[PDB]
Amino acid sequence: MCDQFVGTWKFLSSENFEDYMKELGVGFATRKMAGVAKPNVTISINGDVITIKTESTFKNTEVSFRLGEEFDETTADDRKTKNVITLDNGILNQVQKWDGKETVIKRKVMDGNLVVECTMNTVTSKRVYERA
């Protein structure tokens, strides 16, 4: 019926993740630990406030936001970013901006799988997660 964002998702696979993180400017070596982790992402909703909590990784993070409203995030690679997330037809669209640069992270639920497609400049990278 509806499998939607809320709940807990376990890494399954990734594609092109290395060239994306290079495009972002992630340092050689942070790129390494990022490619061995199998992160667990929990999406939780409290009223009109979404929380995306990333665990089982090298550096755990938690971001809480309201749709359409701009917020700050210091990312697990030390970027200091401004973000706006919107929702259109079941896809969360995050626009992440630091230094005249920008990345777009799209999240969509497809049949108990969460597909996160990240795009910067030329480069796109897909990560798939399985519902826990």
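Numbering starts at 1 and runs along the sequence shown.
- When the mean C-alpha temperature factors of 90 to 98 and 28 to 36 are read from the deposited coordinates, 28 to 36 comes out higher.
- Mean CA temperature factor is higher for 69 to 77 when stretches 101 to 109 and 69 to 77 are set side by side in the entry.
- Reading the B-factor column for the CA atoms of 83, 56, 61, 44 in the entry, the top value corresponds to 61.
- The PDB entry assigns residue 120 a C-alpha temperature factor belonging to the middle third of its chain's modelled residues.
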